[PDB]
Amino acid sequence: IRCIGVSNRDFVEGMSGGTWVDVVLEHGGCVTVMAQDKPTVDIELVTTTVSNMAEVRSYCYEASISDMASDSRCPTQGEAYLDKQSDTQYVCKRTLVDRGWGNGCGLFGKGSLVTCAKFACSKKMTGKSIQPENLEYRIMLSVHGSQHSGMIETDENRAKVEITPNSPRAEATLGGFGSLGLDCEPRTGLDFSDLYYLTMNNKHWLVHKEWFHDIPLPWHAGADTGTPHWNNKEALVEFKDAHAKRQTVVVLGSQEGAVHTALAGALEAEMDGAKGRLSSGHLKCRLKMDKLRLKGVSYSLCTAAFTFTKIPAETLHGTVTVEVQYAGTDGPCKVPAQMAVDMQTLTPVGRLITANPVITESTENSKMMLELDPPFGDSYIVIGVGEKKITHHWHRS
């Protein structure tokens, strides 16, 4: 069904009091929950989202310069002046340079030189804050066992639920099975509110705050962003050795690759509609199952012949999947399905993960998939009852 193919799959069995089951979810996997006299339920954390992320600071990693100008004074002739000195968008540099008869001065002393160049940001990165109240977790719950395969359905057998730090509880409504209660809480170890959400050229990371604050790049505070004011423009703007009347101004190359190098190992994230999308958390949920019911408890056993349509396969966790075909028309009915070691008494052994298997189709030759938890050492998969039962040898869990 859902959980069978996933590698990071956990199994939780409920206890005799059929009320509470504790579970922990993560983005890589899913959990299969089995309770006595209850339908088996697969629970998966689907997405983790952050909303309303506020700009903290923006760093410019590629910039350019324009309108380069210089002013010079002969010695004893005062301070060099440019109108661009007071402009906040201009990087400027003032020095003293050797002057003389070669460069047009009466004396040979030091003359003042100033050089300014306009700063423009071509490409920048943006960091955003994460507030605890703005996290949301989406969880999918499914009933283990259905007539047709495939993971694309939304009906009485499946439910999608949404939880929030300020709304930690929710109810997933199945069909005749009833309802399931969810009380969820983040697991300790990864607090997203202690990280910054970093975006650079349609790529997204989760970074530490003190590393983000110490980045040696031009930056602005992420407020009043109509036209920005850039602090530390000198991190990308350099002035070469000065000669009389002029200084050369150069821009450093794009620093996107350097930031990429420094970002190795950082948690990666995504954007979905101005919502941050994370894949690294853990979520502890308590299941309230007192309202969960099986459906076909009082069905009569299927009496026609079952046939294996597929060779049974062993999953990564030692369970067995079996696809069968029922030629019967008398339905709905309960399919006899078990693991047996003593072939005469047919005493059930192992575990039946797909709880209360049933054929819901009234037509002939309906196909259905089963999951079983076999015991260690040789056993037999037994499907059906009577002289029409089918048997298949199996080895271990």
# chains A, B, ... in the order shown; residues from 1 in each chain; ligands from 1

call {"tool": "residues_around", "arguments": {"residues": "residue 288 of chain A", "least_positions_apart": "4", "cutoff": "8 Å", "atoms": "only C-alpha atoms", "output": "VMD selection string"}}
result
chain A and resid 19 to 21 180 to 182

call {"tool": "closest_atom_pairs", "arguments": {"of": "segment 110-175 of chain A", "to": "segment 355-373 of chain A", "cutoff": "10 Å", "atoms": "only C-alpha atoms", "output": "CSV"}}
result
residue,atom,partner,partner_atom,distance
A:143,CA,A:355,CA,9.4
A:144,CA,A:355,CA,7.5
A:145,CA,A:357,CA,6.9
A:146,CA,A:368,CA,6.9
A:147,CA,A:368,CA,5.1
A:148,CA,A:368,CA,6.6
A:149,CA,A:369,CA,7.7

call {"tool": "atom_distance", "arguments": {"atom1": "atom CA of residue 90 of chain A", "atom2": "atom CA of residue 215 of chain A"}}
result
21.3 Å

call {"tool": "residues_around", "arguments": {"residues": "segment 4-17 of chain A", "least_positions_apart": "6", "cutoff": "6 Å", "atoms": "only C-alpha atoms", "output": "PyMOL selection string"}}
result
chain A and resi 29-35
